[PDB]
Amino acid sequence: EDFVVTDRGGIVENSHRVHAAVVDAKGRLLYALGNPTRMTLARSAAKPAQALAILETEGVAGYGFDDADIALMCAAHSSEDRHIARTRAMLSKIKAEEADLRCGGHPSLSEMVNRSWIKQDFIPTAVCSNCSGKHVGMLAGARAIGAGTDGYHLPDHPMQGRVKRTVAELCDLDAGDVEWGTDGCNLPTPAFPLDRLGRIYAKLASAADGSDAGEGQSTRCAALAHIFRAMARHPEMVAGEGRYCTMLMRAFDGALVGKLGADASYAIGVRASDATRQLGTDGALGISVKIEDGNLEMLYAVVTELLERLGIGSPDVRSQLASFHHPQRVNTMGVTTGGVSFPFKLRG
């Protein structure tokens, strides 16, 4: 019975089923909407796990990827010129070429960018892929271990072996409880219970907390903390101008990281704060969300509403997101015709 709803003049137009998990740094379930263990394709929200697989590949350190490169590895970017430029710069660092990519072009995730492409009849290529940074990192990993760069995207390649292991490990799942399909960018892509997506991001944030504190860290926790700080420092690489993820991460100014998955999943890693303590946990927090029918506009409204209900942020921080929280319903003559409502109830 957990829904987000749009109305016209009080009459229900559409309704969308919501699933959400709120977990602690061990993955213990604190709050939920809908079915918080729903088997769910993480899509682009898996990218911090895939970036960890890259950064844990021996020899990748020698290429000198910077924080903005790492953020782009974690990106579903808008294919802005700066994303394309950074993709080529990362290819140059590993002495590869666009022709070595195994992802393909697609209409930009930004409406404003895609409008400019349409105006020019532009044909996007591999380098414009929203996943281009993850693909450059996977090439780098393939080149670093000496495996061969053709086939780096294939499930029998050792780089995909590393990804599959790393995802199960962060999720704390046996390999048999993670399912695999193929993504738009033509990499294997994982599916696992929705709460475990929150667990991954809770572990990002927890690692960021330990790094910031000066605590001793395993090589994996060090790398997670690096991923968090890269995303939070360069949120415009993770998505782009006007994008929810970018506006979300700039508003919060290092307190959390957040990421979209295609077909309306979302994941947030919250560093330990007054808010998380108020929720009843002594460490970092993870949040995962899926809109059952895949509608992105409703995803962003639900994620902002959930941050409000969880007390994360302040009204002024969250207010930067106001156009997503309450999407505009204006007709062709400027008349408001209805709006969005949140008939769901968090359960503990």
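A residue's number is simply how far along the shown sequence it sits, counting from 1.
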item: Of 14-22 and 329-337, the one with larger mean CA B-factor; value: 329-337
item: Which of 144-152 and 74-82 has higher mean CA B factor, as the PDB entry lists it; value: 144-152
item: From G294, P36, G64, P48, residue of greatest CA B-factor; value: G64
item: Options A191, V163, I268, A251 - largest CA temperature factor per the record; value: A251
item: Position of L173 among the chain's modelled residues by C-alpha B-factor, lowest, middle or highest third; value: middle
item: Ranked against its chain, the third holding the CA B-factor of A68; value: middle
item: Ranked against its chain, the third holding the CA B-factor of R309; value: middle
item: Among modelled residues of the same chain, the CA temperature factor third for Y201; value: lowest
item: Lowest, middle or highest third - CA B-factor, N186; value: middle
